[PDB]
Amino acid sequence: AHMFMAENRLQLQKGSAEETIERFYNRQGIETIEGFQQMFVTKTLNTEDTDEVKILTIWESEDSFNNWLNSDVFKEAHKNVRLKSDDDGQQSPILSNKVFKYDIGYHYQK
């Protein structure tokens, strides 16, 4: 069975990618979900308007990822996360997010 990838794309105020990425340094429970395999946090190069940060998560199945979304550790990790348009959100550089889902058809490691 193929691996599954979920991407959370963050649209951010220009210049804020680096401080946003630093927030991902320490784990907050994702690693405890059966089926989680690994994660990458990327900054999109050569952007001219808003910054872009992608959070890529790789799982043994889509069910594993859904289990994480419904988990208590997901809620705990996101409790102090705010969008800029939230009532108490003005200081946040995070404008919006968009989730993308993928089937991993092939993988190769050197």
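Sequential numbering from 1, following the sequence displayed.
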item: Stretch exceeding the other in mean C-alpha B-factor - 17-25, 86-94; value: 86-94
item: Mean C-alpha temperature factor, higher of 49-57 and 75-83; value: 75-83
item: Lowest, middle or highest third - CA B-factor, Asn70; value: highest
item: Chain thirds of CA B-factor: placement of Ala1; value: highest
